[PDB]
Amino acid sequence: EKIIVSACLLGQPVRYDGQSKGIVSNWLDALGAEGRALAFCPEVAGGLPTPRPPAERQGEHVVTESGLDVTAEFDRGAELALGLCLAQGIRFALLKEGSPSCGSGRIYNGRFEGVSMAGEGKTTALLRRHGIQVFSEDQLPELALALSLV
């Protein structure tokens, strides 16, 4: 049984600033070694470049600080994540917290002022709407238990 993982959590330099959010986790390493962790970046899959300017949700819209609307790419990446899960039989996701794409518990408020609020990213919202459970890097034991049970 596989999971879809935010590519940045696996150390891939696909973050908006070309950096990575590689996490230290023996369990995630073992899952990867078994070919069960499918790296995925909604923003890069949606057609956005690396690097790219920061973006925040404003309701259903996703915009940059300058007002550029990038919802089309966010929604494409969200739909490609779902497509990958349906094709591979994946029903769990390990996505990056705070992201306008991958956030599951929190996101930035859309005012470009460093203020976080409770909410979810566009990919997470789509995945959960289709019955796929989304966990963050702060919920690895919960995700591991859910995956061990099936």
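So that there is no doubt, residue numbering starts at 1 and follows the sequence shown.
Between 120-128 and 25-33, it is 25-33 that carries the larger average Cα temperature factor according to the deposited entry.
Looking at 42-50 and 83-91 together, the entry lists the larger mean B-factor for 83-91, computed on C-alpha atoms. The PDB entry gives the largest Cα B-factor of the residues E97, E113, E56, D69 to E113. Sort the modelled residues of the chain by CA B factor and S104 lands in the middle third.
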